[PDB]
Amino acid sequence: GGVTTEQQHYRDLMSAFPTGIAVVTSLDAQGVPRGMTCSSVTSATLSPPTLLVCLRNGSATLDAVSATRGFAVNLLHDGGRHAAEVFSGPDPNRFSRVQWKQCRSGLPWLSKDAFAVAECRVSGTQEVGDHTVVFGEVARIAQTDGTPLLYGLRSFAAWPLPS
């Protein structure tokens, strides 16, 4: 397309746009829980309510989401750093390292580390380089009070002010 910025320049830029932190979960086609830490969550539209997440091609989580067409977005509170670490690290059995429950849909809900969970139906996808944007039409939301966890400038932080 033309000149591209060096990957380190891009990483430095995007490190300076802080975000909340989710764990995006699903079941694979055999019913096994899958999930990953995800900071690339944003709102797409209100009609109907649709968010998006951007997941690596070949990841276990995207494989499950693509096959089953459902996923949950678990928004982490300020007590959820360890869950974010578990779900981005090398442990082979991540759901043994967090407290979690299964909703009627089967989707994993990190009910001790997340202050909100949105259950979503996949309504579309768009491949982009090594990743895929997944559009999720929100079907159900459970939300409680909590201070959001943040990630920015290569560090965890908490949203700094009370509700």
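In this text, residue numbers run from 1 along the sequence as written.
> If you take the mean CA temperature factor per stretch, which one wins between 68-76 and 88-96?
Higher of the two, by average CA B-factor, is 88-96.
> Which is higher on average in the deposited entry, the C-alpha temperature factors of 139-147 or of 5-13?
The entry gives the higher C-alpha B-factor average to 139-147.
> Determine which member of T37, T61, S111, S40 has the highest CA B-factor, using the values in the deposited entry.
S111 has the highest C-alpha B-factor of those listed.
> Ranking the modelled residues of this chain by C-alpha B-factor as given in the entry, is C54 in the lowest, middle or highest third?
It belongs to the lowest third of the chain when residues are ordered by C-alpha B-factor.
> How does the C-alpha B factor of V134 compare with the rest of the chain: lowest, middle or highest third?
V134: CA B-factor falls in the lowest third of its chain.
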